[PDB]
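Only one structure is covered here, and it is reproduced in the block below.
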Amino acid sequence: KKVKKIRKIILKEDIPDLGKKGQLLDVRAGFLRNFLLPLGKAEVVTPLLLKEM
Amino acid sequence: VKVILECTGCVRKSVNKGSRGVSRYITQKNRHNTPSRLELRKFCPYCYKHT
RNA sequence: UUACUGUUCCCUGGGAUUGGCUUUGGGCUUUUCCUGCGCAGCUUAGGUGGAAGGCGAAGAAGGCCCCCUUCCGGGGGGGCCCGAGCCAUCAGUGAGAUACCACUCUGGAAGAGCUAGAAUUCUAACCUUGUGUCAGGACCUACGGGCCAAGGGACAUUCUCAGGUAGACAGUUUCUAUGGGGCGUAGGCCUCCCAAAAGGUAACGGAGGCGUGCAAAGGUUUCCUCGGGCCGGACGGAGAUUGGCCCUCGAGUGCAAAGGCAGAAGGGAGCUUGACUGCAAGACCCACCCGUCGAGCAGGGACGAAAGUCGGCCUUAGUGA
RNA sequence: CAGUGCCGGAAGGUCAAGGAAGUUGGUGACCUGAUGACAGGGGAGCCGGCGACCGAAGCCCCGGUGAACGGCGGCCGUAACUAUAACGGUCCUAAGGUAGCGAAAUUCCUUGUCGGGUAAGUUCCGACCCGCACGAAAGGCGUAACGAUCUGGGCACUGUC
RNA sequence: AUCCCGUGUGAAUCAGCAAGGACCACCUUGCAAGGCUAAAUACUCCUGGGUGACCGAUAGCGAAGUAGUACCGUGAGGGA
RNA sequence: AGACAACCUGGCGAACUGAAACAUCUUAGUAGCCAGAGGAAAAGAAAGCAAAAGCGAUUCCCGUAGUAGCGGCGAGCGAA
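In order, the protein sequence lines correspond to chains W and P.
Just so we're aligned: the first sequence equals residues 43 to 95 in the UniProt record's numbering.
Just so we're aligned: the second sequence equals residues 9 to 59 in the UniProt record's numbering.
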């Protein structure tokens, strides 16, 4: 019935799957929370950091 | 089998004085179809009230 | 309890906690190539448009052969050989040049995307485990904290919706008459008797029917009227078609009975839909709710030359707020 | 193993929420004709309804399963005197009571017939059998021992009489 | 319709948004998801003042003297 | 941090009953139990009501109205 968020991110260290610290692949919500944010292996796309870095 | 069946006029939905469908139910059709000239419709006379 | 309605336990699907891949294939996509024997013919005419030059040495016509499709008519096509052409209103044809273009529809193939489906898969959260690990002034082989372990693995667990589902559990019902109750029968309408010469009348008092049928068995204008005896004529028979005498309406009238009806309400013909709309004084019945008849008027008709009859059916059952 | 239960299948059918191609309806900028009185069709968008197809278990369906719920049939004929039927025919179910026991804590009729016991016993024991309606783990049949058990006859002992 | 809640998706903000009993337009009112606030108001185991067409000894409080007493119940509790 | 007569707010919340039975409904969100607090509490300053006319935070009494309405359109409930 329903799909869940597919949330943009930006990286902090190379991904063995999608990109080497540059790409913006909208990973998944069930993925940013554990591997990406626990392991500090990603940063969420804040509109604040974008236009200042 | 004596199923009911209603008869009907010549509709012509209009903006005239209240003109309107005029059903007259009747019975007995165990045959082929039967129309009849039941009358005194909205318009005064009538003929061939079918179905 | 296989009575009614439900709850809980349990089972399954949808959503949430919920993630990595990398594939198989279902439904949309978007870019990559063949597809065509209406007949007049240069001849297997693809529709619709731009439409006077494309296509060539980043190397054609032609013949030598390979492959695939096939209606063995030919079509797409690799290789080599070849080396200065295959081309347009040039006319046919509803529609044009294989010069060429965008594609494209006739359908068909694949790497590209959504959401699923399935499959295995690992690791980050989840469940589970640990004599293991260190300690706080002491241990925590006193449950437990952090830590790494080891299994399991996005399944399970929980939360919500949905289908199924144990009387395990709950909330309730299960009629009355009934010459005691139960068993049996009965429960509404119509007709005859009991019903006592208006009406009405009771009993598990005695006889029966109904829960319809008919486009005609309705409506009109007409005509004649049955039966059961006897006599005639072959089978024909006790009883079937055909002519003559008694008759009380003993025949019938769709279905029960009573009352009715033989100028018929009995039977048959002619045309037809009045088995219409708006109604209605007054009556009958009358606990109420119901129910029944109705002169007469207006419209618009049928039949009938006219008078007149016709808003269902010989009347009472065929129906329920 | 017919019905039910349970288990295993689940190929096909019915199969909920939900998902969903479409389709439909209202509202509606602007549009259009007439005596008088007002409609109609209608961009967008916003709100609705119906919905092809998809949607698991369940059930239907198919097999196993009775120390799982339970069930175990009648009528009509013939044999060597007459009879009773060793044996046959018919509808039937899923099949038609096996072994044992039997008028039995189950037999109504019924103090059933017969034998023993008694002077006389509807009680009692042993048999027969037409088991109204016994019967195999709601077990069948029988058992030595045991019973403040129910039941029949004894000897001794007595105011029970 | 408004009004608060469980599950999941999950807007805009003033050339906006909510309400005006589905919904859609136009108009009118009010503008959410932060908080606080006196009075008029209901009450009596009670205290003070007053009143009684209220009782006056099985009535009035159950109770006009050691009355929740004696007594009864294990206990809650009953109760002269 | 314990106590409380009644009044109040919150959470959980029955049943006998009425419907001449009874499962929707009604007794009723009453009783009771738990949790707070006050002399009062709760509510409250407008995303309100209205209706081409106006109001202006709450809370109570009168009255509209036993009307509108809801309802096995039954018993009954009953606003503004």
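Here a beta-carbon is modelled for each residue, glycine too, at the ideal position from N, C-alpha and C.
Under 7 Å Cβ to Cβ from residue i, same chain only, skipping five residues before and after it: list those, please.
i, result
"residue 56 (chain P)", "43, 45"
"residue 61 (chain W)", "53, 67"
Beta-carbon separation of residue i and residue j under 9 Å?
i, j, result
"residue 50 (chain P)", "residue 23 (chain P)", "no"
"residue 28 (chain P)", "residue 15 (chain P)", "no"
Hey, out of the options, whose CA is closest to residue i's CA?
i, options, result
"residue 51 (chain W)", "W:44, W:94, W:65", "W:65"
"residue 85 (chain W)", "W:74, W:94, W:93", "W:74"
"residue 59 (chain P)", "P:52, P:17, P:10", "P:17"
How would you label residue i, buried or exposed, when you count the other beta carbons within 10 angstroms and need 16 or more for buried?
i, result
"residue 82 (chain W)", "exposed"
"residue 48 (chain P)", "exposed"
Give every residue of the same chain whose Cβ lies closer than 8 Å to the Cβ of residue i, excluding the five residues on either side of it in the sequence, and list them in chain order.
i, result
"residue 43 (chain W)", "none"
Output needed for residue i: all residues of its chain with C-beta closer than 6 Å, excluding positions within five of it in sequence on either side, in chain order.
i, result
"residue 37 (chain P)", "13"
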